[PDB]
Amino acid sequence: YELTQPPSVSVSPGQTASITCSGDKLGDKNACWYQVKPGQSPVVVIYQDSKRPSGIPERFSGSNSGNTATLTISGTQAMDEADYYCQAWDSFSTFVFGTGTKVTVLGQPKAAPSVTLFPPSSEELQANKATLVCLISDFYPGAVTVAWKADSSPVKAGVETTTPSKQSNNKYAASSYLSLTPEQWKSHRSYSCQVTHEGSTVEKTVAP
Amino acid sequence: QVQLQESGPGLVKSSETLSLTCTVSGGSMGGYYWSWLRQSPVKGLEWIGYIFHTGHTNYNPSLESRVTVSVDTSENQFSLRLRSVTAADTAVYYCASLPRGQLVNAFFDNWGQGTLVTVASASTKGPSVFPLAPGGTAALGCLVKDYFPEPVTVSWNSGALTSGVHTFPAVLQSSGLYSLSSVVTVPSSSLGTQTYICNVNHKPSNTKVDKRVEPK
Ligand SMILES: [Cl-]
């Protein structure tokens with residue numbers, strides 16, 4: 001089980017970033033927030049809902065009530081770009097963490113992803129196995145969510161998705177794979193790759 | 001000030017045991033629970049276990065059966081053993097300090113840098129290559145499935161075709177093997193006219209595969 005955070009929050013330099021963390025009766029607990037940068041020690045930017053450790057800039061503030069804890073950054077700076085994780089206490093697993101929010105401080109204009117979806121090849125099907133291939137390219141910020149649909153029912157098994165990687169043109173690319181049995185592929189009318197970037201969702205669909 | 005730094009092996013093979021150690025700088029091993037956590041796209045941020053200098057331990061119930069945390073106060077170090085690792089245990093592993101007190105107010109202050117641990121195949125394997133059949137354009141490609149280790153080199157028409165070629169970064173799948181795709185965007189005016197052949201070079205397994213990509 002986990003606390004719910006938005007996968008990504010992108011701001012231009014100076015805008016306000018608001019990261020929410022949602023859970024059952026979270027407001028009755030104390031939430032803390034971790035700033036995680038690659039290659040560096042994570043730091044506590046807020047503990048006990050709203051307390052700011054010595055060393056942490058005044059632009060970071062925290063709030064918690066109802067079912068939602070919120071981290072606010074105000075006048076977001078480039079150096080604030082990181083993944084933020086919410087955290088609280090849990091009766092069963094001792095600690096419960098948020099799903100994480102990638103905060104991007106825009107260094108270029110946004111770009112929507114180009115998505116291409118491939119069905120399994122005949123050759124792969126003859127070798128029994130079956131793989132659907134969803135390719136995601138030229139998007140910015142480097143944050144995307146990929147959902148697979150079998151007909152119209154969400155697919156929960158056999159999805160492998162890469163971490164977005166920076167292309168030579170400073171935009172990002174990622175790819176997602178759905179592994180199926182041949183009968184699964186031949187049993188449904190269609191499969192779909194749903195790619196959500198920022199707020200918008202583009203869908204691609206293939207059929208037997 | 002108290003500083004932490006983890007040490008790790010970098011790359012390990014599936015079914016093996018992962019061993020990490022944290023070296024504590026500054027103060028001594030008292031007043032703190034010494035903890036391990038890991039971070040990955042699939043696991044999110046997750047706590048593994050912590051230990052007191054007296055040896056008292058507490059583990060994450062989802063990891064308890066594979067995990068042992070130990071401490072050596074004479075060396076200002078504590079350690080993690082994670083057994084039977086699979087590709088799913090690929091993550092950045094962190095050591096951290098946990099202040100004494102009510103768990104309801106507990107949080108991890110002071111963290112190490114993190115150490116990346118990749119868990120992958122115990123053996124070299126060459127890829128299977130499959131065709132990905134196709135404004136006024138179309139996308140076609142090749143699927144390069146189940147190889148180890150990196151890298152793979154993909155070219156199109158022996159490298160004479162360069163415009164519109166995009167070869168994607170590999171995914172590390174749960175089996176501990178890699179897969180990638182190479183795709184090329186071409187004029188729809190082609191197809192039936194103009195041949196598209198992907199050349200896949202995987203030198204570690206001494207493998208080279210040529211696949212012709214055609215519309216069905
Ligand atoms: Cl940038």
Side-chain angles (χ1 to χ4, degrees), chain A residues 3-23 25-90 95-107 110 141-143 198-199, chain B residues 2-4 32 35 37 39 44-47 92 94-99 101-114:
Chain A
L3 299 181
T4 303
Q5 301 184 229
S8 67
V9 165
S10 63
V11 284
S12 295
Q15 288 173 346
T16 290
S18 281
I19 305 98
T20 56
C21 187
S22 283
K25 301 289 182 174
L26 180 55
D28 299 339
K29 306 177 177 179
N30 280 277
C32 63
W33 293 88
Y34 303 104
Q35 174 188 80
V36 189
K37 299 185 184 188
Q40 296 188 7
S41 288
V43 300
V44 174
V45 298
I46 273 149
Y47 69 103
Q48 292 281 121
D49 291 349
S50 66
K51 311 306 177 185
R52 183 186 312 106
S54 174
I56 296 306
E58 307 158 292
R59 55 184 183 275
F60 289 87
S61 63
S63 177
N64 187 22
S65 68
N67 299 302
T68 305
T70 303
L71 178 67
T72 305
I73 298 182
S74 291
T76 308
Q77 289 305 100
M79 67 179 311
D80 300 331
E81 172 161 304
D83 300 315
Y84 292 83
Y85 294 85
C86 186
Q87 189 256 294
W89 166 85
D90 177 272
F95 305 102
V96 52
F97 288 87
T99 54
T101 302
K102 173 156 282 180
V103 165
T104 292
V105 180
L106 300 172
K110 293 185 186 181
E198 296 294 88
Chain B
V2 45
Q3 288 197 304
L4 290 77
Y32 282 107
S35 316
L37 304 85
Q39 173 202 31
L45 187 52
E46 83 181 333
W47 159 68
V92 179
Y94 294 101
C95 60
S97 64
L98 216 198
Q102 315 169 239
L103 293 177
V104 72
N105 301 318
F107 66 98
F108 302 90
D109 67 340
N110 309 316
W111 294 64
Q113 232 168 22

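These values consider heavy atoms only, across backbone and side chains, with no hydrogens, waters or symmetry-generated copies. Proteins get letters first, then strands, A, B, ... in listed order; numbering begins at 1 in each.
- Side-chain atoms of A:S63 never come within 3.5 Å of backbone atoms of A:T70 as a donor-acceptor pair (strictly under, hydrogens ignored).
- Note: B:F108 and B:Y94 fail the aromatic proximity criterion, with ring centroids not under 6.0 Å apart.
- A 4.5 Å side-chain heavy-atom check between A:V36 and A:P42 finds at least one atom pair inside the cut-off.
- In A:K51, the NZ atom is not crowded: 12 or fewer heavy atoms of neighbouring residues, nucleotides or ligands sit closer than 6.0 Å.
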Apply the test side-chain contact (heavy atoms from CB on, under 4.5 Å) to residues A:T76 and A:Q15: give CA-CA distance (whole Å), side-chain angles for both, the deciding distance (0.1 Å), then the verdict. CA-CA 6 Å; A:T76 308; A:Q15 288 173 346; 5.7 Å; no
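- Across all their heavy atoms, A:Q5 and A:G100 have their closest contact at OE1-N, 3.3 Å.
- The closest donor-acceptor contact from the side chain of B:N110 to the backbone of B:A96 lies at 3.5 Å or more, if one exists at all.
- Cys pair A:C21/A:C86: SG-SG separation is below 2.5 Å.
- When side chains are defined from C-beta on, A:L106 counts as touching A:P141, because their heavy atoms get closer than 4.5 Å.
- Using a 4.5 Å heavy-atom cutoff, the side chains of A:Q35 and A:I56 are not in contact.
- Of the possible donor and acceptor atoms, none in the side chain of A:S65 sits under 3.5 Å from a partner among the backbone N and O of A:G27.
- One finds the OG1 atom of A:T104 at 7.5 Å from the CD atom of A:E198 (value rounded to the nearest 0.5 Å).
- Across all non-hydrogen atoms, the minimal contact from B:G44 to A:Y85 is C-CE2, 4.4 Å.
- In terms of modelled atom types and a separation under 3.5 Å, the side chain of A:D80 and the main chain of A:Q77 share a donor-acceptor contact.
- In this structure the side chain of A:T4 never reaches within 4.5 angstrom of the side chain of A:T20, judged on heavy atoms.
- Minimum interatomic distance between A:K37 and A:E81 (heavy atoms only, all atoms of both residues): CE-O, 3.7 Å.
- Using a 30° and 60° split on the angle between ring planes, A:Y84 and A:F60 fall in the tilted class, from 30° to 60°.
- Closest non-hydrogen pair, A:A69 versus A:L26, comes out as N-CD2, 3.7 Å.
- Looking only at distances, no side-chain donor or acceptor of A:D90 sits under 3.5 Å from a matching main-chain atom of A:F95.
- For the pair A:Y47 and B:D109, the minimum side-chain heavy-atom distance is 4.5 Å or more.
- The distance from the OG atom of A:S18 to the CD1 atom of A:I73 is 8.5 Å, given to the nearest 0.5 Å.
- A:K29 and A:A88 get closest at one heavy-atom pair: CD-CB, 4.1 Å.
- Atom OG of residue A:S8 and atom CG of residue A:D83 lie 10.5 Å apart, to the nearest 0.5 angstrom.
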Under the criterion side-chain contact (heavy atoms from CB on, under 4.5 Å), I'd like the reasoning laid out for A:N30 against A:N64: C-alpha separation, chi angles, the key distance, then a yes or no. CA-CA 8 Å; A:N30 280 277; A:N64 187 22; 6.0 Å; no
Report the C-alpha separation of A:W33 and A:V44 in whole Å, then their side-chain angles, then the decisive distance to 0.1 Å, and conclude whether the side-chain contact (heavy atoms from CB on, under 4.5 Å) test is met. CA-CA 6 Å; A:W33 293 88; A:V44 174; over 6 Å; no
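- The two atoms that bring A:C32 and B:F107 nearest to each other are SG-CB, 3.6 Å, heavy atoms only.
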Applying side-chain contact (heavy atoms from CB on, under 4.5 Å), run through B:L45 and A:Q87 and close with a yes or a no. CA-CA 9 Å; B:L45 187 52; A:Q87 189 256 294; over 6 Å; no
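- Counting only distance, with no hydrogens or angles, the side chain of A:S74 and the backbone of A:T16 share no donor-acceptor pair below 3.5 Å.
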